[PDB]
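So this first bit is one chain, no partners, the form deposited without the ligand, shown in structure tokens.
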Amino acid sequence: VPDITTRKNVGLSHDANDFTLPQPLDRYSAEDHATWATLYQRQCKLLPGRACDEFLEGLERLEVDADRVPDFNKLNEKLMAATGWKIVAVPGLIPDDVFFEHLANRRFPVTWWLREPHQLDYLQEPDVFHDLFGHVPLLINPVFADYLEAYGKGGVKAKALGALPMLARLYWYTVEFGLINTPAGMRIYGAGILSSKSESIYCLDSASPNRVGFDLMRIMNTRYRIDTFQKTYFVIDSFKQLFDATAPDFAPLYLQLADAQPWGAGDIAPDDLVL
């Protein structure tokens, strides 16, 4: 049983070093554009009062197509002038070192293909709607864009054994599933939540999960689960705080956490500050 990444990339090559390729525009059907249109309108009706304001405005400022899979090159004209970043198409999942290298150079990899109609909510493997709709708009906030860039640079430098899981955890709990407390109430900045119907509602509506204040060392030592609703969400007060977190060189931090047993995705640590 071949995964969608394989079926979608048949007859398509990718750079051996950075896994990029020109966006294969001819490969989007009429149905894919309708699938995109459906995803897009469904999220936009859920996000008011949910997504943080920066996300909403980035969507507006970049003019992410509402009715068809965006043309990466066109979007880049705006994204580059506004933030200094560009998106590059990748075939699907790429190696971490290649991913860190892109972020370090203000390139955001985006899986080019779209989920098939039979699918629809945060399926196995991220796709263009998740990657583009969920990740790209926030780059409109210069501090969050600076955070991503610093995160990639730290990744390029990481050597210590155990560092990769720690950085995967940090990325997951901020970039993919992060929440942000605002004067108007708790909001969302995580891509894995913003491109998902179910997660968008759950992360702000459920009594079950823990909602914990951002804490760097705690996060890097916290497991996460892939196919279920998150059991813990980490909350930042501002993007600056997120950026400031990348200020220290992480080298000694990996060594400190290296032998620690990690927290379960559902645990509450002694030093947590919980909602």
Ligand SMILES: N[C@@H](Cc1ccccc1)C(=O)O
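Quick note: we count residues from 1 along the sequence shown, nothing fancier. Rigid core here is just the name for the largest C-alpha set that superposes within 1.5 Å across the two forms. Residues that one form lacks are left out of the comparison.
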item: Coordinates lacking for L120, a third or more of other entries; value: yes
item: Third-or-more of other entries without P248; value: yes
item: Stretch exceeding the other in mean C-alpha B-factor - 118-126, 196-204; value: 118-126
item: Higher-B stretch (mean Cα B-factor, as the entry records it), 216-224 or 246-254; value: 246-254
item: Top Cα B factor in the deposited entry, candidates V136, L148, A89, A160; value: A160
item: Out of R50, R211, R27, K45, residue topping the C-alpha B-factor column of the entry; value: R27
item: Third of the chain, ranked by Cα B-factor, where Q241 sits; value: highest
item: Record-listed C-alpha B factor of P183: chain third; value: highest
item: Position of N141 among the chain's modelled residues by C-alpha B-factor, lowest, middle or highest third; value: highest
item: Entry-reported Cα temperature factor of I268, expressed as the chain third it lands in; value: lowest
item: Ranked against its chain, the third holding the CA B-factor of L59; value: highest
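Here the subject shifts to the form solved in complex with the ligand, a form of this protein not shown in this document.
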item	value
Open or blocked: site for the ligand, pose in the deposited complex superimposed, 2.4 Å backbone/C-beta cut-off, 3-atom minimum	blocked
Proximity to the ligand in the deposited complex, single hit among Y147, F177, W113, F133 (heavy atom within 4.5 Å)	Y147
The unique member of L194, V128, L138, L170 whose heavy atoms fall within 4.5 Å of the ligand in the deposited complex	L170
Close approach of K157 to the ligand in the deposited complex, 4.5 Å, heavy atom	yes
Partner contact for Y189 in the deposited complex: the ligand, 4.5 angstroms, heavy atom	no
Interface membership of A247, the ligand in the deposited complex, 4.5 Å heavy atom rule	yes
Candidate stretches 7-15, 21-29, 247-255, 263-271, one within 4.5 Å of the ligand in the deposited complex by heavy atom	247-255
Residue from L93, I201, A82, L161 whose Cα, after superposing the rigid core, lies 2 Å or more away between this form and the one not shown	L161
Consecutive-residue runs (3+) with Cα displacement of 2 Å or more between this form and the one not shown, core aligned	156-162
